[PDB]
Every structure is written in C-alpha cells, then in structure tokens.
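Protein chains in written order, with the numbering used here: chain A, 1 to 102; chain B, 103 to 189; chain C, 190 to 317; chain D, 318 to 493; chain E, 494 to 952; chain F, 953 to 1008; chain G, 1009 to 1076.
Beta carbons: idealized from backbone N, C-alpha and C, even for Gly.
Structure, as structure tokens:
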Amino acid sequence: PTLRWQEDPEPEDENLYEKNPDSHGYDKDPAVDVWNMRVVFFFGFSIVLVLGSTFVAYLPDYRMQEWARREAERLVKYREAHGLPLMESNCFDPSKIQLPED
Amino acid sequence: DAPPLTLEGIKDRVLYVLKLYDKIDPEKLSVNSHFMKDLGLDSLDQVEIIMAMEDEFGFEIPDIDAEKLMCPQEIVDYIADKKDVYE
Amino acid sequence: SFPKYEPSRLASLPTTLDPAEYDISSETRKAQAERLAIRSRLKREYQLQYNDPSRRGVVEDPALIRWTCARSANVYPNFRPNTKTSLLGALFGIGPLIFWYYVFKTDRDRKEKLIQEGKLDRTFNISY
Amino acid sequence: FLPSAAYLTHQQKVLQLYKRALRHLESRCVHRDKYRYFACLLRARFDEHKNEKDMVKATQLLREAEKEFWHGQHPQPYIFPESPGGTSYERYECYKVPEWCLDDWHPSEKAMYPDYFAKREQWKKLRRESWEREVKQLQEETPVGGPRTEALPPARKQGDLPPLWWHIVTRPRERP
Amino acid sequence: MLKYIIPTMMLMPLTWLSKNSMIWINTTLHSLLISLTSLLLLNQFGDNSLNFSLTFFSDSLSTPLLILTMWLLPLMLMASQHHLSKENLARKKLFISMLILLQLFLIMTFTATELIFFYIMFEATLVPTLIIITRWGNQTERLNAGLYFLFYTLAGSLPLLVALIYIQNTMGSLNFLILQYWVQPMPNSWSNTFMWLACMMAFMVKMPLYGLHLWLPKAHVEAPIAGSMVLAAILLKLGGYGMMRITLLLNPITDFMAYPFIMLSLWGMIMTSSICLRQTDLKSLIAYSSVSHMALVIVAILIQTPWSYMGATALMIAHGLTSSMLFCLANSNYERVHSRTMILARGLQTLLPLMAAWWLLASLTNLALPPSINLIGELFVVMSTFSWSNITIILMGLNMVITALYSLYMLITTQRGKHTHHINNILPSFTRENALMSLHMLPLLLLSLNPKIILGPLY
Amino acid sequence: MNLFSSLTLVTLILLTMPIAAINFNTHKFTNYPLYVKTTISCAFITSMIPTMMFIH
Amino acid sequence: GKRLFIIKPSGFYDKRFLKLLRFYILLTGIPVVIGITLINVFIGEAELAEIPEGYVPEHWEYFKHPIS
C-alpha cells in the first residue's frame, strides 16, 4: 500500500560499444572522439613527451655540476703545482677570528 | 602429447580391459550389459573395475559417480565427458 | 595403536574420525535434510538468475555485500568500552610504541655519549 | 556434502574407504606384483565379515578400520595429474576462456571467421527461442513449495532443450 | 611566474564559453600547453633559488612538484569522464572549472614566499577538494567523508596561523631568505616546545602521521577519481613541502622534542603496512599504502640530514606518481564491475590482456623495482636513518617485506587465477585508459633514466 | 685493450635487440624462437674470445 | 580436416592502441633524432679555450653542447 518513490528503475547500462565498434574513449559522438584521441596523443606525446625528453636530457649544468668539476680540476692542479696542502682545513682565516675569553 | 581418442577406440579399449578381467566371460560380455543384473558381480569388484579405468586412462573419477555407473556404456559416456571426445 | 589424533587450531579434524558422525540421531538427519533444502533453493535462485540470456550485468550477491558491510562499516556501531577491549587496546596499541621509544632513547644516548668522548670510528663518516 | 541426497550411506562410506586404502596401497607399494598380492590380501580382510546381519558391530568395525587406515596412510598419496590436489589442477586454465566473449569482437574479425559466427548466432536464437516458456514453466511447474533437491528434470515434454543448459554445454574443452 | 598564473586563469572562461562537444578539446589541449609552459621553468642553479618577482620564487624543491601538478591536470581531466558524461552540461562545466581553480591555488601554494601567504593558499587548496568529493562522492557516506576531512584539516591547521603570526612579530618579515639569514636559535623553554609542536603538528596532520590517518580512508574510498588523484598526490606532498620549508627555523630543539613522533611513525608504518594486507575495498589499499610511504617521509623529515632530504623529495614524487596511477587503475576496474570489493572481480589475465601489463608495472614500482625512483627514495632514507641509529633497519626492512607482500597481493588477488564467469559485461579496454596509463608510466621511467633533476635543495 | 672492452660491451648489447624488436615489430615474426636462439649463439661466440684472452 | 578454433579475447582494440602509440611517438621520435644527429655531425660542439683579454661573453658562450 506504499512505494516511497516514483523514479525510473536504475541504472541504464549503456555499452559504449555496440553502436560503434570503432570507438575510442568517450561517448557516441563519432568524430569528436577521434579528435580526442588525436589531440591527447599529438599534443600529449608527439609534442610533449619527446620534446620534454630532449629538453631535460640536457640543458646547462643544473646546480653547477660540471662547472664544479672543472673548477676543482684547476684548483687541485694549482695546489699541487705550488706545494701547499690540498684542502686547507679551517675554512675561515684564524687571523680574522676572535675567541671570547674566560 | 595428444593422440586423438575416438568413440570406437574408447569402446574397444574399455571392452578390452573388461574382457581381460578374470571372473567374467567373453561370451556374455555386452556393451549394453549390467554390473548388477546380468554379470551379477558385486559392488566391490565393480569398484575394482572403476579402479581399472582410472588407472588406465590416468585420471580419477569421483565417488559421486562410482555409485552410479553400473554398465559399460555409461563408463564410455563418462570418459567422453571428461575428455570431450571429438577431433 | 594410535593416540587418537589430538587436534589444533591448525590441524583440521578430518571427515573420518569425528567420532560424532556415527551417533546419527534423528536430529542430524533432520538437520542434513534442511541444510540440503537450503542449498537447493539457493542454487535454484542463482541458476535462474545466472542463465538469463538478457542478463547483462553481474548477479550481485547479497552475501558478499552483507559480509563487507558487516566487516567495515558495522564495527564502530556497535561497541561498548569493556575491560577486555580497553585492556587489549592500551596493550597492543601503546605497548610496542613505548617499548621501541625507550630502546631508541637508550641507543641514542649511548652513541651521543660515546662520540662525546670522541673515541668512535668516525675517522671518515661523511655520509651521515 | 553431496548433491544427490543428505548423506552418503553406510555402503558408499565403506566403499570410499576401500578406494582410498587401495589407492594409498598403490602409493606405498611399488613394483606392482607385491601390490597385487597385498590388494588381494586387503580384499580378503574385507571378505572376513562382509555378511554381518548386525549393523552396529559393522559400523564400529568401520571406525576401527579408519583408525588403522589413518595410522597407515602415505605422506604422498598418489594423486593423479588431473585431479585437484594433483599436479595439474586446471593446468591449462590459461586458455579456458568463457564464451560470453568472442561476440565483442570488431567486425573485421567477424569477417575473418564468417560461418562460425553465423551458426553461433543461430545458437543464440535457439537459446532465446525456447528460453521463456518451456524452461521457466518447467522450473516453476514441478517441485514442492520448497525445491529440496539439486537435480532437475529433463525436457521429456515434446521437443526442445532441457532447462538450464547453457553454461553446462558451452564450457572450455579442457585441453586447448 | 605570472606567465603561469594568468593562462591558468584564462583557461577558466574558456571552459564557460565553449559548448557541448567543444569544452573538452579546449581544456585538454590548453592544459597540455601549460604543461610545456612550466617545463620551461627548470633553470634552477647553484647559489640560491630563483626569484619570480618581488613576490614569488622557486626552490628546487618546488620545481618538480610544480611540474608534477601541471602534468597531472590533463591526465586527471581526461580520467574523470564516463562517470559524469551523462550528467548535465552546466554541472560538467562547473566540475572542470572547479579543478582549474584548484590547480590555480596549488601553483599559488607551491610558489609561495611568505608563509602567511602559504597558509592562505593552503586552505584555498583545501576548499575545492571538499566540493568535488562531496558533490560526486558517489556513495552513501560522502557526507561523513567531507565532514571528517574538513574538520581534521582545519582544526589541525588552525593554530599554525597563530604560531606564524607570533614569529612574524618577533623576527621581522617572512621571506624564506629573511626567514633565513636572520634565524637565531631558540632554547628549551616550554613556549618553544609548544610553538614547534603547533607548526609540526599541523603538517603532521596533513601528511598523515600514524595517529591521524583515519582522516584518509573515508576521504579516498568515497571520492571521485579526480579528487582522489588530487588529494593523494598533490595534497599529501604539499604538506610535506610545507614541513620541508619551515623546518629551517627551530633546529635547536627539534632533537630534544622529536623523539615521540619518530617512534609513532615507525611503529605506525609497520602497523599500516600490516593493516593493508587483509582489507577488502581495493581502493583503500592504495590509501593505506600512501600512509606507509608518508610515514617513511616523516622519518626522513625529522631526521635532518641532506641525505635524508634528498631521499624525502624523491620518495615524494615517486609515490605521487605511483598512487595517482594506481587510483586510476582501480577506477578502471570499478568502471568494469559495480563492486569496489576485492575478491569479486577476478581473472583478467585472459581478458584485457594488456590492462595487466599496467597493473604489473605499477605494482613493481610500488614494490620499488630498482631502476625506478621509489627505490632511490626509500634507499637513501634508509641510509640516512641508519646513520641516525644502528637499530632502525629492522623496521625499514620489515616494511620492505610487508610492502612486497601486500602489493603482490593486490596484483595476484584480483587479476590472477579464475574469472568468476558470471560477469559477462566487461568491455575490452578503451583507448582512454590505455592513454592514461601511458601518461603515467612514460615520465616515471624517463626520470628513472636521468634523476638528477628531482633531488632536492641539498643536491 | 680496445678489442677486449669492445667485445665485452657487445656481449652485453647483443642481449638488447630482441626485446625492443618485439616491442616495436607488431608483425608477428614466425622466426622468433630461431631469432632469440641465434642471438644467444652470437653472444656466446663473442663471449668465448675475451675470456681466452684473459687466460692467455 | 584436423584444425580447431581457439577463443581469444580480442586483438583489434589492443593492437590498434599500440600501433597508434608507436606511430604517435615515432612521428616526432624520428625527426628529432635525425635533427640532433645532424647537429653533432655538422654544427660543432665547442672548444675548450679560456677567457679572451677584455671581452666579456654573453650568458651563452659558456656551454659545450650547441643545443644547450
């Protein structure tokens, strides 16, 4: 003697195939789905992925890497060629330091 | 590893091993026989026969069936079920 | 000839040596009849809603749904804080945490005091 | 736990014991001749008191038989390489594809195999043509207010197919 | 940086004044264009950060996360159809513009300079997540999910504001540089303990730490796929980014006051990897997986080694990609059967014989197969914590074992052994889900080749 | 030796064509088992040489 | 009169996707690799000299590779 509802019986399971056997991703509009495929590849791989692969495969020395290689090369060659010990400890000059006293 | 089984062939192999069995005769050995009516042998040696088929062909048959074969034709039918006998 | 197969929480008791299967009263016959009847009706409903040629979706078992809703969402109702619940809660939730806490204090105070002495093997320990 | 009735019986219970003990005696006993000897010995041991008009002493001897069996089984009972438990256990299940597929193919490949799909389509029309009336009338027609069995009657009425047969007939071929 | 801000704005009236079968191409195409546009950013070098204005700047912590955001938007926007294409046009447009405003506040948040501005953009990151998951939460408790969500995030993130205003009017302005160059150490009075506790506890809530992870599982099992990917990847690594910055201040008391949180994180990492071994609701296993990886993140943040921060940022980016991918695969399976449960949908090595390739690939990244980034992260964090103590490797290795076993259980449970053969409705794989998998797992392997980009400031 | 290093690195890299081959072919080669067997044989004959140089 | 009929899931949609993927990466995988091969076979990398006396460079004229 009661129902509490009035709506459609749910769901309506649409196979997105069985009206298009050629169909790509979304709903049954035929051509613009092919455009979706073509844009998400051709502007998603064909312009993004391989160009990003080149662009990050090399660029300059990110955080000064090979600069540091050759700079350390020249500095250690200098500190061999002038006798003084390589990598002096006490990186700041002890003449320009002032210990507080007791 | 697939020689094809066929219905005449499975009939011949099953009747070969029944005929080799001792306490039956090669005279009253029919395809449409009974292990209960006319061969008259007991349930015990009936399951010895079931053991012979399992040990020849290489697979168990379950005890839901070994109650209820009781004739050679249904034996051939049941290995036809397990093997799906067409080429 | 045999010590009669003491069971466990792991070793299942097999079908043969129950020995309750041999005291068949009429109640066990009654129970096995009704249990077969229940299995019969459920396979009937399932097979009719399994072999429909129009039935596109899945058969949507209420048993699995009922188990899942019992397992996750029907925990927090229902509950009362008992002695057993509170006791096991503070044991298996706080016990290991506070134990691991004290042992890492102990290891860290050892290593801090020991390198405060300076006699540790950090002659070259750069990758800290 | 079986589809036909509510229990095995005494008879088939003893029978399954005899099958198991004979199988374990295979798994214990190589060389096949001493196997044959011990098999006839075991058959004689069941022949000693086959003909008890008693029943309660028979089932007590059944229980003591199960004790001396389970004491004397094998660590690897010889399971066949087709049985569950065994070496196969749906071994070539890699290709046991159900046949609700193969209709969701692109019509290029439905052009690749034409006759098969024509006859498959008349199979599905055979199914739907006799689905409603005969099958569901035969199911809601015969049984008791509860079904209380797991068998089902055949279609002895006149013509067409026994009910509820599609997933029985259309199965994998067990060696593809 | 306004060169990135303003086309992300102007992608919004785009979506309004396009029509049916016309919004989609514009949004997706132009969002990919913005992805190239921020691939242009990565210049960052040497001495310091790089300053995009008197107002914006980029640390090299912020560059990979920012590029990850602008990568993850078009993927998401393709991913969130077929479960709403049959709803109305106006509601669909509102959905797309909601995500674009979301991305806009995420870029605002990652390129912050002032921590107060960071806080405003933190909760402006919050409010679209709420509206998406509540309006399309798609199950009966999306109510409770949103409610738990917003009250945990605000009521944890509320006193963080008070602590930052107090620091503002005790140490001048709040550039990250003038937070640096002027920070002086602060000793162990109890006010310092509460101030540290306020800041670190708000971001602890947003990671999650272990005692506050039941924020998470409702807020991912009852979300749509877009908000789930957003929430997992961008929001959890956003919380980690915040703690990574503001841990620059208050180093002289973090040692004395960091002991309970590490131990909470370790025993909770073990417990969370254990609790995702036995649950149903396959969608939630990825959520508890995410709590496991974030617990390892928190271990890496509270220990303060440069080794630890390198491992932390790599673990951030790799787990973001893994979890976002794996959520998208679980949505594919739920589009197949209307279950969400684990033990139901089975088989599928036979059917869809290349969906399983993507399941295998993501499952082995979540295993941390070794050339991938996630092993780089986990390995350096284990190295840094073993230099922290000679004992913690029991916990890390046992995490590795249980992580292996639940991840493999996800693989071979639902997609191995036997189809239940009363399914008979699953379609062969669309091009779209294959495209989504392709957009996840090309950059993960491409960073697996050359990973010197994604390591942190302490490179 | 340039011969030594050259032959060892090509014993590596000969095991790298066929995976990329059927990842890139999509026209199902009938000769695929024969192909993998013959590249393993060629890797063998390249690997016999520098080991004998090593013992030499 | 020997052969049987296997039951496959499909080949169509799967091989169509992979064919599209190799075509749409390869359509700019090929000309870029051709381009960079022409770059390091014609245009030169760079040379390793030092700072000329009183001639400040650009912020380029600093790097080995010409595309960088």
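Does residue i pass the burial test, meaning 16 or more other C-beta atoms within 10 Å, or should it be called exposed?
i	result
residue 452 (chain E)	Missing from the structure shown is residue 452 (chain E); chain E here goes from 494 to 952 and no further.
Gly1043 (chain G)	exposed
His979 (chain F)	exposed
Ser877 (chain E)	buried
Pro251 (chain C)	exposed
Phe642 (chain E)	buried
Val292 (chain C)	exposed
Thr990 (chain F)	exposed
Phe1031 (chain G)	exposed
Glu234 (chain C)	exposed
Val48 (chain A)	buried
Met571 (chain E)	buried
residue 953 (chain E)	This structure gives no information on residue 953 (chain E), because the portion of chain E shown stretches from 494 to 952.
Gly278 (chain C)	exposed
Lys308 (chain C)	exposed
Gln329 (chain D)	buried
Tell me whether residue i sits in a helix, a strand or coil according to DSSP, three-state version.
i	result
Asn824 (chain E)	helix
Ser865 (chain E)	coil
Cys418 (chain D)	coil
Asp147 (chain B)	helix
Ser782 (chain E)	helix
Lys185 (chain B)	helix
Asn637 (chain E)	helix
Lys130 (chain B)	coil
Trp683 (chain E)	helix
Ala222 (chain C)	helix
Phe538 (chain E)	coil
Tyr674 (chain E)	coil
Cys91 (chain A)	coil
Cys692 (chain E)	helix
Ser817 (chain E)	helix
Going by the DSSP bridge assignment, what does residue i pair with across the sheet?
i	result
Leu543 (chain E)	E:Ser551
Just reading off the alpha helix (DSSP H) that residue i is part of, what are its end residues?
i	result
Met700 (chain E)	Unbroken run through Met700 (chain E): none, as it is neither H nor E.
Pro500 (chain E)	495-503
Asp167 (chain B)	165-168
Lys336 (chain D)	327-345
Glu365 (chain D)	Here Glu365 (chain D) belongs to no alpha helix (DSSP H), and DSSP marks it neither H nor E.
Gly52 (chain A)	49-57
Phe434 (chain D)	431-446
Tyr291 (chain C)	272-306
Compare the C-alpha of residue i against each of the options and name the closest.
i	options	result
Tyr317 (chain C)	E:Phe611, E:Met569, E:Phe879	E:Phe879
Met87 (chain A)	A:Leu59, A:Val76, A:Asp93, A:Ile97	A:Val76
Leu742 (chain E)	E:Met722, E:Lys776, E:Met664	E:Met664
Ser528 (chain E)	E:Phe549, E:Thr508, E:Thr548, E:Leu504	E:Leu504
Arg245 (chain C)	E:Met934, E:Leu920, E:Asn927, E:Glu926	E:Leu920
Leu595 (chain E)	E:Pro621, E:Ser578, E:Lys579	E:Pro621
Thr604 (chain E)	E:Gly630, E:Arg635, E:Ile560	E:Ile560
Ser344 (chain D)	D:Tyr354, D:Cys357, D:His391	D:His391
residue 957 (chain E)	E:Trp509, E:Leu837, E:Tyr497, E:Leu636	Nothing in the structure corresponds to residue 957 (chain E), since chain E is present only between 494 and 952.
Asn918 (chain E)	E:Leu948, E:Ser941, E:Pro944, E:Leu841	E:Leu841
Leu770 (chain E)	E:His576, E:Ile727, E:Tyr902	E:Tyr902
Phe873 (chain E)	E:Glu580, E:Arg833, E:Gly949	E:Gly949
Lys28 (chain A)	E:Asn519, E:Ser514, E:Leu525	E:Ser514
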